[PDB]
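To keep things clear, I will list the structure first and then write my remarks on it.
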Amino acid sequence: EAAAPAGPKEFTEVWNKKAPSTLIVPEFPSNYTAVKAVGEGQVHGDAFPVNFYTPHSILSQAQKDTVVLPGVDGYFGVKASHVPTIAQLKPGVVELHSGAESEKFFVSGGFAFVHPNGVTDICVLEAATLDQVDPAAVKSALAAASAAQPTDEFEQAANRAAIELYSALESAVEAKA
Amino acid sequence: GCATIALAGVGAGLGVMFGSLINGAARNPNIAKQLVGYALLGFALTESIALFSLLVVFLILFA
Amino acid sequence: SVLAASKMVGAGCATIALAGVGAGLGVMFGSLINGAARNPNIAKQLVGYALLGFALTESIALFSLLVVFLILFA
Amino acid sequence: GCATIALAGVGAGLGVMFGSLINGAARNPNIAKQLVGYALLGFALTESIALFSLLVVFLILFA
Amino acid sequence: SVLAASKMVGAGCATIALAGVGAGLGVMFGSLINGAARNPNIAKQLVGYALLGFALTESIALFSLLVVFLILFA
Amino acid sequence: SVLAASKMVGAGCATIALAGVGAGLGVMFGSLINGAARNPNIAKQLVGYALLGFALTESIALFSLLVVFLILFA
Amino acid sequence: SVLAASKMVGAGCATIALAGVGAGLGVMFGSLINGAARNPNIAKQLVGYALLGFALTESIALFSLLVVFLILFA
Amino acid sequence: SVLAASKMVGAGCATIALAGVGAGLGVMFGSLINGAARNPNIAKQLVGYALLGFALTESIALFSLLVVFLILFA
Amino acid sequence: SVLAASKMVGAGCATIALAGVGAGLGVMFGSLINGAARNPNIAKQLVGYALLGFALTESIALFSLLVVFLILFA
Amino acid sequence: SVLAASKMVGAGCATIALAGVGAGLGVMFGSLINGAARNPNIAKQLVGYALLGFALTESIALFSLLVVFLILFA
Amino acid sequence: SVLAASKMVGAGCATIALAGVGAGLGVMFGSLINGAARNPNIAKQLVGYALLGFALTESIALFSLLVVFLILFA
Amino acid sequence: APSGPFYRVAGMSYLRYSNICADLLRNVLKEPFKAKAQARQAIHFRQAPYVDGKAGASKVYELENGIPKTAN
Amino acid sequence: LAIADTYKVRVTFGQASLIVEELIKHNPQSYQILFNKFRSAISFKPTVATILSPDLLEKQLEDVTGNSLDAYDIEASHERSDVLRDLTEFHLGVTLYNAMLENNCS
């Protein structure tokens, strides 16, 4: 079932038999991270490491004690020793709580992994905070997105993604604390 | 009295159906006005059987 | 009349089969609400699967009401 | 006595309909009171069996 | 006429097995509406899987409808 | 005392409806745990829906417990 | 003739067990439609798992009918 | 002595309200297991929801147990 | 012969235990169709886990069939 | 002697409250399997929640066989 | 012979507790299949948790099986 | 013909789908932060197939508002 | 294939998605990304970042006495087979966006 014993370590001594001997081995993306999945530990009680990422930003890499994630089944929350989870997220608000303070980022969709060591790895594309969203032009395009209904199924999918994004964005600009 | 126990299943039917609309509106609230158009379409086709039961109660009693 | 008392007591018990028709159709008509909440694009082809399932489950509703018809009036 | 066994599934269905009001609100707390407008509309409409089965328990006793 | 009364009470509570077949086919035809909402590109093959399951649950529905006549008329 | 005897065998069948509201509350308080395990920071709003759900599901239990006493003492 | 009456009223109580096997076979064949909507690549093995699962629960439907004839005609 | 006998046969049909209360308490304590399997840092708070649910589940079990006493000794 | 008559109405009531073992076994064999649809690489350990789950729940069926022949012929 | 004869019938129909309590332990110990299949790190903490449940849904069973001896010996 | 008759209609109406017990064993051994189909690394610990549940939900069966001999032979 | 989510059955990949939901979020940002999000929205590259080894046709992308909503 | 003119304005993820989406037009079982990891202003070690196709080979290489992927509860709409179809194109577009950004600074 695993007849290809791959890995960064095994690639080294095989590459020393086909390449010229003048070149050092290429690096791998495993050599640039110490935080693994099955590496046991990484919780110490109540606050767990939350690596909330972005292609253009690292929005938080310190620890929080509960993260409210907007999954496609619905909003869920992650405690310290949560079950391992690969959660696809809807457009919704990722809420980071470490205690009494709470930051709310509205994300565009993108997965969030809970690894067996308890590290949460939220991975979205556009994660704007709710301070820099406008409540005016969202319905100006949502009422436009609730109008253009073509038979083209490619644009029908993009209009469906246009509807549910502004529908969850308006629902999370009405009920703010 | 033993005839109207058919309404026990109808009481258990509308609770699953109207519970499935609370979960249906919790997924996408935009279709939620078409879900009540589908719930009451399912509610009337369920109360067909609920009045199928009481009519033969009104035929056991009054016929 | 021991038979005329027995037909009302029989057909009263015979119509409680309509509970299962009331209970199963709640699970079927609750299924199209979560069937429409997951994809609204196919929300009418599944009505073409509900009424095919609804009428074939009211086969039982007329088979039970046949027995209520066959106690009292054979 | 047998006429109010029909109240079993009415309460057993309503625990599933209010079992969805908890899960629906825990899946989006932003829409958590539009669901109660869907719940209490569905509760009062699934109590219609609780009123139908209690009009029978008096139509047997007092009529 | 104690047996002529007993065939009405006996076949009355006999047909209450149509509760479970009515509730069984409600959760079977409901799962197709969830099934044809996941992938509607198989939504014709699922009816080919429903009607094989519908004929085999009807087989249970006519096992009970056999006894409701084998008490009444035999 | 046949009417006094039918009030005892009638009131036992009258309280079978607490099996439904007993299995209804166990479903509703079962999803209270599953609702408060999805996001526990909303768990104070769910008991505001669960205790509203409890007291309004008992409505049937107290509808059924009046007619266990309407047939006995009236 | 109370023995000829009580074999008919017992057989209708004997065939109530065709509700539950009518209820499980809708759950199993409802899971066939859901199980074949997840991966259509295995849509022949699951029917081979369905009819190995159908015929092993019908056995109780026919075990119920073995008690029907043994109280009727024995 | 039908007034003495019908209290005891009315008592046995009275306590089958405990069927559903035992059936509701399994899915309530079953979802405590799945509630504490998602995030066990709430497994203290969810047990406080299980026993709050159990105390109101019993609310109708003890209502069933006084009704079986009120038809036996009242 | 009310002693001989009551066994047939007792044996009919005794085999309503074949309702639930049919209804659970549909759930158990429906959970294998959803089980084998997840990972068909381990689809044979599930059938090894089904017939062990089957032979222990038919054990409720034959324990209830033990009671029927302990009433009818013992 | 119909007083002790209803003790034979009433204590029979009293103990079918153990249908749902046996179904509750089927759901509760069924939910322990997938709850321990999701995170086995907590699988020893959950049996402490399952045996807290098994002993305390039995309380309904302990309230059920209480009344079955409260009929036969009181 | 009505008291000696009532032992067998009583114990016939006593083993309907074995209906929902086997309906419990279908739910518990169905989630064993889904629990094993999720992760096969733990598929032998879950059978240790299934028979941890099986020998405790059969207790309700033997809590019914002793009562069905308590009516017939005590 | 595909079997999956609503973007996948409609031929669209997840990368174009999740960038569409990223494109449409940036259109409703506040203007002190909407124009700086237009920098990470622009697509300027070009591509060319190589079927024989040296020859190929061309394709030029010069978009400044995001990934195309219509079919590629 | 020959992609060029990519560092003219800047490198964005939407651009690196379109470059990635042209690599799902072909359907390999693996992806090889050769780039220069910008460590500092002096040293640039080359990197091979490998992305496997979802169940073509990726879950086959996680399969150890069961699987190392079965620890995770999938919380997607559809199956594990097509959430990994969504997740390795996202793993392709991330490593492609990092490659032509680490290389442009190298």
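FYI, nothing fancy with the structure tokens labels: chains A, B, ... in order, residues from 1 per chain, ligands from 1 as they appear.
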Check your understanding: What lies within 9 Å of residue 11 (chain E) using only C-alpha atoms, ignoring chain neighbours under 5 positions off, as a PyMOL selection string?
Key -> (chain C and resi 10-11+14+67+71) or (chain E and resi 6+67-72) or (chain G and resi 8-9+11-13)
Dump of N, CA, C and O atoms for the selected residues, as an mmCIF file, in the first residue's frame:
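Below is the file that was written, again-v6.cif:
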data_model
loop_
_atom_site.group_PDB
_atom_site.id
_atom_site.type_symbol
_atom_site.label_atom_id
_atom_site.label_comp_id
_atom_site.auth_asym_id
_atom_site.auth_seq_id
_atom_site.Cartn_x
_atom_site.Cartn_y
_atom_site.Cartn_z
ATOM 1 N N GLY C 10 -62.014 -3.217 15.542
ATOM 2 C CA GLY C 10 -61.010 -3.653 14.586
ATOM 3 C C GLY C 10 -60.516 -2.526 13.699
ATOM 4 O O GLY C 10 -59.310 -2.286 13.602
ATOM 5 N N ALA C 11 -61.436 -1.808 13.054
ATOM 6 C CA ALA C 11 -61.047 -0.764 12.117
ATOM 7 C C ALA C 11 -60.473 0.464 12.802
ATOM 8 O O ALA C 11 -59.791 1.255 12.141
ATOM 9 N N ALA C 14 -57.087 -0.529 12.858
ATOM 10 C CA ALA C 14 -56.584 -0.688 11.503
ATOM 11 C C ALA C 14 -56.123 0.620 10.883
ATOM 12 O O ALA C 14 -55.307 0.592 9.957
ATOM 13 N N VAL C 67 -58.048 -1.747 4.121
ATOM 14 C CA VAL C 67 -58.361 -2.685 5.192
ATOM 15 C C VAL C 67 -59.449 -2.119 6.095
ATOM 16 O O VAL C 67 -60.360 -2.848 6.499
ATOM 17 N N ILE C 71 -62.861 -4.192 6.643
ATOM 18 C CA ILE C 71 -63.397 -4.682 7.909
ATOM 19 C C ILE C 71 -64.872 -4.342 8.038
ATOM 20 O O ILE C 71 -65.711 -5.228 8.223
ATOM 21 N N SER E 6 -63.767 -12.252 16.051
ATOM 22 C CA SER E 6 -62.324 -12.248 16.256
ATOM 23 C C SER E 6 -61.558 -12.004 14.966
ATOM 24 O O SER E 6 -60.400 -11.577 15.010
ATOM 25 N N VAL E 67 -51.665 -11.714 5.528
ATOM 26 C CA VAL E 67 -52.236 -12.227 6.769
ATOM 27 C C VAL E 67 -53.552 -11.525 7.082
ATOM 28 O O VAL E 67 -54.429 -12.101 7.738
ATOM 29 N N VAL E 68 -53.750 -10.305 6.574
ATOM 30 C CA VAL E 68 -54.987 -9.582 6.865
ATOM 31 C C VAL E 68 -56.156 -10.190 6.091
ATOM 32 O O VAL E 68 -57.325 -10.000 6.449
ATOM 33 N N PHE E 69 -55.864 -10.961 5.041
ATOM 34 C CA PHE E 69 -56.893 -11.679 4.303
ATOM 35 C C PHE E 69 -56.951 -13.153 4.671
ATOM 36 O O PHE E 69 -58.021 -13.758 4.570
ATOM 37 N N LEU E 70 -55.840 -13.729 5.125
ATOM 38 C CA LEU E 70 -55.780 -15.114 5.567
ATOM 39 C C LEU E 70 -56.383 -15.292 6.956
ATOM 40 O O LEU E 70 -56.688 -16.417 7.357
ATOM 41 N N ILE E 71 -56.587 -14.202 7.684
ATOM 42 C CA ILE E 71 -57.396 -14.227 8.895
ATOM 43 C C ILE E 71 -58.864 -14.012 8.567
ATOM 44 O O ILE E 71 -59.737 -14.732 9.061
ATOM 45 N N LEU E 72 -59.134 -13.043 7.688
ATOM 46 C CA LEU E 72 -60.504 -12.651 7.376
ATOM 47 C C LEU E 72 -61.241 -13.728 6.588
ATOM 48 O O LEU E 72 -62.389 -14.060 6.901
ATOM 49 N N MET G 8 -57.063 -16.437 15.618
ATOM 50 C CA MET G 8 -57.127 -15.334 14.669
ATOM 51 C C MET G 8 -56.699 -14.018 15.304
ATOM 52 O O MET G 8 -56.019 -13.216 14.657
ATOM 53 N N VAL G 9 -57.076 -13.777 16.559
ATOM 54 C CA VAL G 9 -56.724 -12.516 17.202
ATOM 55 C C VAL G 9 -55.266 -12.519 17.660
ATOM 56 O O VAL G 9 -54.689 -11.454 17.893
ATOM 57 N N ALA G 11 -52.854 -14.041 15.706
ATOM 58 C CA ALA G 11 -52.074 -13.939 14.479
ATOM 59 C C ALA G 11 -51.957 -12.502 14.003
ATOM 60 O O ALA G 11 -50.932 -12.125 13.429
ATOM 61 N N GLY G 12 -52.983 -11.688 14.238
ATOM 62 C CA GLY G 12 -52.877 -10.282 13.899
ATOM 63 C C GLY G 12 -51.954 -9.532 14.835
ATOM 64 O O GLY G 12 -51.323 -8.549 14.445
ATOM 65 N N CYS G 13 -51.876 -9.978 16.089
ATOM 66 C CA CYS G 13 -50.843 -9.494 16.989
ATOM 67 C C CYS G 13 -49.483 -10.071 16.642
ATOM 68 O O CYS G 13 -48.464 -9.479 17.001
#
Pull out every residue of chain H sitting within 12 Å of chain K, counting only C-alpha atoms, and send them as a PDB file with N, CA, C and O atoms, in the first residue's frame.
ATOM      1  N   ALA H   5     -58.784  -5.312  40.232  1.00  0.00           N
ATOM      2  CA  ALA H   5     -57.926  -5.848  39.185  1.00  0.00           C
ATOM      3  C   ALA H   5     -57.540  -4.798  38.156  1.00  0.00           C
ATOM      4  O   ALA H   5     -56.426  -4.839  37.629  1.00  0.00           O
ATOM      5  N   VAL H   9     -53.816  -3.808  36.183  1.00  0.00           N
ATOM      6  CA  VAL H   9     -53.578  -3.871  34.746  1.00  0.00           C
ATOM      7  C   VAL H   9     -53.521  -2.469  34.153  1.00  0.00           C
ATOM      8  O   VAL H   9     -52.864  -2.261  33.128  1.00  0.00           O
ATOM      9  N   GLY H  12     -49.715  -1.348  34.700  1.00  0.00           N
ATOM     10  CA  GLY H  12     -48.683  -1.836  33.801  1.00  0.00           C
ATOM     11  C   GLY H  12     -48.656  -1.094  32.481  1.00  0.00           C
ATOM     12  O   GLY H  12     -47.585  -0.841  31.926  1.00  0.00           O
ATOM     13  N   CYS H  13     -49.829  -0.731  31.958  1.00  0.00           N
ATOM     14  CA  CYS H  13     -49.877   0.114  30.773  1.00  0.00           C
ATOM     15  C   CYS H  13     -49.486   1.551  31.077  1.00  0.00           C
ATOM     16  O   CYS H  13     -49.177   2.302  30.150  1.00  0.00           O
ATOM     17  N   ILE H  16     -45.359   2.306  30.717  1.00  0.00           N
ATOM     18  CA  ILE H  16     -44.663   2.265  29.438  1.00  0.00           C
ATOM     19  C   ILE H  16     -44.427   3.658  28.889  1.00  0.00           C
ATOM     20  O   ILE H  16     -43.936   3.800  27.762  1.00  0.00           O
ATOM     21  N   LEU H  18     -42.180   5.087  30.516  1.00  0.00           N
ATOM     22  CA  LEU H  18     -40.761   4.939  30.791  1.00  0.00           C
ATOM     23  C   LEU H  18     -39.996   4.322  29.632  1.00  0.00           C
ATOM     24  O   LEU H  18     -38.768   4.234  29.705  1.00  0.00           O
ATOM     25  N   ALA H  19     -40.686   3.870  28.584  1.00  0.00           N
ATOM     26  CA  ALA H  19     -39.999   3.398  27.390  1.00  0.00           C
ATOM     27  C   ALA H  19     -39.316   4.551  26.671  1.00  0.00           C
ATOM     28  O   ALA H  19     -38.123   4.486  26.362  1.00  0.00           O
ATOM     29  N   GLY H  20     -40.055   5.629  26.421  1.00  0.00           N
ATOM     30  CA  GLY H  20     -39.485   6.748  25.702  1.00  0.00           C
ATOM     31  C   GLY H  20     -38.523   7.572  26.529  1.00  0.00           C
ATOM     32  O   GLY H  20     -37.573   8.142  25.984  1.00  0.00           O
ATOM     33  N   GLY H  22     -36.503   6.362  28.789  1.00  0.00           N
ATOM     34  CA  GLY H  22     -35.255   5.634  28.666  1.00  0.00           C
ATOM     35  C   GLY H  22     -34.653   5.720  27.279  1.00  0.00           C
ATOM     36  O   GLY H  22     -33.429   5.672  27.126  1.00  0.00           O
ATOM     37  N   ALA H  23     -35.490   5.856  26.254  1.00  0.00           N
ATOM     38  CA  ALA H  23     -34.999   6.005  24.893  1.00  0.00           C
ATOM     39  C   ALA H  23     -34.489   7.404  24.606  1.00  0.00           C
ATOM     40  O   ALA H  23     -33.551   7.562  23.819  1.00  0.00           O
ATOM     41  N   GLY H  26     -30.879   7.854  26.145  1.00  0.00           N
ATOM     42  CA  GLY H  26     -29.749   7.265  25.459  1.00  0.00           C
ATOM     43  C   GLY H  26     -29.152   8.165  24.404  1.00  0.00           C
ATOM     44  O   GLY H  26     -27.930   8.215  24.254  1.00  0.00           O
ATOM     45  N   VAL H  27     -29.990   8.894  23.665  1.00  0.00           N
ATOM     46  CA  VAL H  27     -29.469   9.810  22.658  1.00  0.00           C
ATOM     47  C   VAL H  27     -28.966  11.088  23.325  1.00  0.00           C
ATOM     48  O   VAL H  27     -28.094  11.785  22.793  1.00  0.00           O
ATOM     49  N   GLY H  30     -25.759   9.727  24.644  1.00  0.00           N
ATOM     50  CA  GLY H  30     -24.961   9.344  23.502  1.00  0.00           C
ATOM     51  C   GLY H  30     -24.347  10.560  22.850  1.00  0.00           C
ATOM     52  O   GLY H  30     -23.194  10.529  22.419  1.00  0.00           O
TER      53      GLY H  30
END
Point to revise | Residues near residue 3 (chain M), cut-off 10 Å, only C-alpha atoms, skip fewer than 4 positions along chain, as a ChimeraX atom specification | key: /L:45-49,58-60 /M:19
Point to revise | For region 41-57 of chain B: contacts at 7 Å, only C-alpha atoms, fewer than 6 positions along chain excluded, given as a ChimeraX atom specification | key: /B:3-4,6-7,10,14 /C:15,18,22,25,29
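Nearest to chain M of all the residues E:4, E:52, E:32, E:37 is E:37, based on only C-alpha atoms.
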Check your understanding: Looking only at the backbone, which of the residues in region 85-118 of chain A does DSSP tag as strand (DSSP E), as a ChimeraX atom specification?
Key -> /A:85-87,92-97,102-107,112-114
Point to revise | residue 39 (chain K) surroundings by only C-alpha atoms, 8 Å radius, close-in-sequence under 4 positions cut, as a VMD selection string | key: (chain J and resid 37 to 38) or (chain K and resid 35 43) or (chain M and resid 66 to 67 70 to 71)
Hey, which bits of chain L sit within 12 Å of chain C, and for each residue what's the closest pair of atoms and how far apart in Å (one decimal), counting only C-alpha atoms, rows by chain and increasing number, as a Markdown table?
| residue | atom | partner | partner_atom | distance |
| --- | --- | --- | --- | --- |
| L:4 | CA | C:39 | CA | 11.3 |
| L:5 | CA | C:39 | CA | 9.0 |
| L:6 | CA | C:39 | CA | 7.5 |
| L:7 | CA | C:39 | CA | 11.1 |
| L:9 | CA | C:39 | CA | 11.5 |
| L:10 | CA | C:41 | CA | 11.3 |
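Between CA of residue 51 (chain M) and CA of residue 31 (chain M) the separation is 4.9 Å.
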Study note, to complete from the structure: re CA of residue 51 (chain I) and CA of residue 48 (chain K): distance 16.2 Å
Practice item. Using DSSP on the backbone, list every residue of chain H that comes out as alpha helix (DSSP H), and give them as a PyMOL selection string. Key: chain H and resi 2-14+18-38+47-70
Just to be explicit: take each residue in the selection above, keep C-alpha atoms, and write the result as a PDB file, in the first residue's frame.
ATOM      1  CA  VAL H   2     -62.845  -5.696  38.728  1.00  0.00           C
ATOM      2  CA  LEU H   3     -62.096  -2.415  40.510  1.00  0.00           C
ATOM      3  CA  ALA H   4     -59.202  -4.097  42.307  1.00  0.00           C
ATOM      4  CA  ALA H   5     -57.926  -5.848  39.185  1.00  0.00           C
ATOM      5  CA  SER H   6     -58.134  -2.886  36.813  1.00  0.00           C
ATOM      6  CA  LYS H   7     -55.865  -0.764  38.998  1.00  0.00           C
ATOM      7  CA  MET H   8     -53.073  -3.285  38.460  1.00  0.00           C
ATOM      8  CA  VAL H   9     -53.578  -3.871  34.746  1.00  0.00           C
ATOM      9  CA  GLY H  10     -53.963  -0.109  34.384  1.00  0.00           C
ATOM     10  CA  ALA H  11     -50.676   0.288  36.239  1.00  0.00           C
ATOM     11  CA  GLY H  12     -48.683  -1.836  33.801  1.00  0.00           C
ATOM     12  CA  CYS H  13     -49.877   0.114  30.773  1.00  0.00           C
ATOM     13  CA  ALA H  14     -49.139   3.312  32.714  1.00  0.00           C
ATOM     14  CA  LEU H  18     -40.761   4.939  30.791  1.00  0.00           C
ATOM     15  CA  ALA H  19     -39.999   3.398  27.390  1.00  0.00           C
ATOM     16  CA  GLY H  20     -39.485   6.748  25.702  1.00  0.00           C
ATOM     17  CA  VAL H  21     -37.848   8.402  28.703  1.00  0.00           C
ATOM     18  CA  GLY H  22     -35.255   5.634  28.666  1.00  0.00           C
ATOM     19  CA  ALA H  23     -34.999   6.005  24.893  1.00  0.00           C
ATOM     20  CA  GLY H  24     -34.555   9.763  25.079  1.00  0.00           C
ATOM     21  CA  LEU H  25     -31.884   9.412  27.747  1.00  0.00           C
ATOM     22  CA  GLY H  26     -29.749   7.265  25.459  1.00  0.00           C
ATOM     23  CA  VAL H  27     -29.469   9.810  22.658  1.00  0.00           C
ATOM     24  CA  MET H  28     -28.931  12.528  25.261  1.00  0.00           C
ATOM     25  CA  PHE H  29     -26.079  10.625  26.892  1.00  0.00           C
ATOM     26  CA  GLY H  30     -24.961   9.344  23.502  1.00  0.00           C
ATOM     27  CA  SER H  31     -24.562  12.881  22.235  1.00  0.00           C
ATOM     28  CA  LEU H  32     -22.644  13.707  25.401  1.00  0.00           C
ATOM     29  CA  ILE H  33     -20.050  11.215  24.158  1.00  0.00           C
ATOM     30  CA  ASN H  34     -19.985  12.829  20.705  1.00  0.00           C
ATOM     31  CA  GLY H  35     -20.164  16.233  22.359  1.00  0.00           C
ATOM     32  CA  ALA H  36     -17.083  15.436  24.436  1.00  0.00           C
ATOM     33  CA  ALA H  37     -15.356  13.818  21.447  1.00  0.00           C
ATOM     34  CA  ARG H  38     -15.244  17.015  19.391  1.00  0.00           C
ATOM     35  CA  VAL H  47     -21.968  17.198  31.546  1.00  0.00           C
ATOM     36  CA  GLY H  48     -23.581  20.205  33.221  1.00  0.00           C
ATOM     37  CA  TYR H  49     -25.889  20.248  30.203  1.00  0.00           C
ATOM     38  CA  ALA H  50     -26.468  16.487  30.352  1.00  0.00           C
ATOM     39  CA  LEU H  51     -27.642  16.493  33.970  1.00  0.00           C
ATOM     40  CA  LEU H  52     -29.665  19.660  33.371  1.00  0.00           C
ATOM     41  CA  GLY H  53     -31.238  17.732  30.509  1.00  0.00           C
ATOM     42  CA  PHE H  54     -31.615  14.580  32.601  1.00  0.00           C
ATOM     43  CA  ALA H  55     -33.328  16.467  35.427  1.00  0.00           C
ATOM     44  CA  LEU H  56     -35.931  17.772  32.985  1.00  0.00           C
ATOM     45  CA  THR H  57     -36.137  14.405  31.228  1.00  0.00           C
ATOM     46  CA  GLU H  58     -36.989  12.802  34.598  1.00  0.00           C
ATOM     47  CA  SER H  59     -39.508  15.627  35.143  1.00  0.00           C
ATOM     48  CA  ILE H  60     -41.832  13.502  33.029  1.00  0.00           C
ATOM     49  CA  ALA H  61     -40.527  10.182  34.373  1.00  0.00           C
ATOM     50  CA  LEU H  62     -41.496  11.195  37.915  1.00  0.00           C
ATOM     51  CA  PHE H  63     -44.776  12.507  36.502  1.00  0.00           C
ATOM     52  CA  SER H  64     -45.296   9.021  35.066  1.00  0.00           C
ATOM     53  CA  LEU H  65     -44.352   7.421  38.389  1.00  0.00           C
ATOM     54  CA  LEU H  66     -46.876   9.453  40.377  1.00  0.00           C
ATOM     55  CA  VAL H  67     -49.651   8.623  37.896  1.00  0.00           C
ATOM     56  CA  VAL H  68     -48.964   4.881  38.283  1.00  0.00           C
ATOM     57  CA  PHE H  69     -49.205   5.478  42.043  1.00  0.00           C
ATOM     58  CA  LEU H  70     -52.368   7.575  41.766  1.00  0.00           C
TER      59      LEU H  70
END
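A straight line drawn from CA of residue 149 (chain A) to CA of residue 30 (chain B) is 14.6 Å long.
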Point to revise | Nearby residues (only C-alpha atoms) at most 8 Å from residue 23 (chain L), same-chain spacing under 3 positions excluded, as a list in words | key: residues 19, 20, 26, 27, 41, 65, 66 and 67 of chain L
Residues of chain M that approach chain E to 10 Å or less, counting only C-alpha atoms: could you list each one with the shortest pair of atoms and its distance in Å to one decimal, rows by chain and increasing residue number, as JSON lines?
{"residue": "M:77", "atom": "CA", "partner": "E:38", "partner_atom": "CA", "distance": 8.5}
{"residue": "M:78", "atom": "CA", "partner": "E:38", "partner_atom": "CA", "distance": 7.2}
{"residue": "M:79", "atom": "CA", "partner": "E:38", "partner_atom": "CA", "distance": 9.7}
Take the selection from the previous step and output its residues with C-alpha atoms, as a compact mmCIF listing (two decimals), in the first residue's frame.
# COMPACT_ATOMS: atom_id res chain seq x y z
CA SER M 77 -19.99 19.34 1.62
CA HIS M 78 -18.92 16.37 -0.49
CA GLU M 79 -16.58 13.43 0.00
**Study point:** 7 Å contacts from chain M to chain A using only C-alpha atoms, as a PyMOL selection string
**Key:** chain M and resi 13+45-49+60-61+63-64+71-77
How would the residues just picked look written out with C-alpha atoms as a PDB file, in the first residue's frame?
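selection37.pdb, written as the output of this step:
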ATOM      1  CA  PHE M  13      -2.112  34.728  -5.830  1.00  0.00           C
ATOM      2  CA  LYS M  45      19.578  27.066  -1.850  1.00  0.00           C
ATOM      3  CA  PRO M  46      17.435  25.493  -4.589  1.00  0.00           C
ATOM      4  CA  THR M  47      14.215  23.807  -3.541  1.00  0.00           C
ATOM      5  CA  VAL M  48      12.093  20.963  -4.867  1.00  0.00           C
ATOM      6  CA  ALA M  49       8.534  21.277  -3.552  1.00  0.00           C
ATOM      7  CA  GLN M  60      -1.787   6.189  -1.511  1.00  0.00           C
ATOM      8  CA  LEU M  61       1.347   7.656   0.114  1.00  0.00           C
ATOM      9  CA  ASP M  63      -1.675   4.869   3.740  1.00  0.00           C
ATOM     10  CA  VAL M  64       0.132   3.355   6.734  1.00  0.00           C
ATOM     11  CA  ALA M  71      -7.293  10.875  11.787  1.00  0.00           C
ATOM     12  CA  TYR M  72      -9.039  13.961  10.408  1.00  0.00           C
ATOM     13  CA  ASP M  73     -12.783  14.523  10.432  1.00  0.00           C
ATOM     14  CA  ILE M  74     -13.780  15.898   7.041  1.00  0.00           C
ATOM     15  CA  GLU M  75     -16.104  18.895   7.362  1.00  0.00           C
ATOM     16  CA  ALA M  76     -16.813  19.466   3.671  1.00  0.00           C
ATOM     17  CA  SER M  77     -19.994  19.345   1.621  1.00  0.00           C
TER      18      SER M  77
END
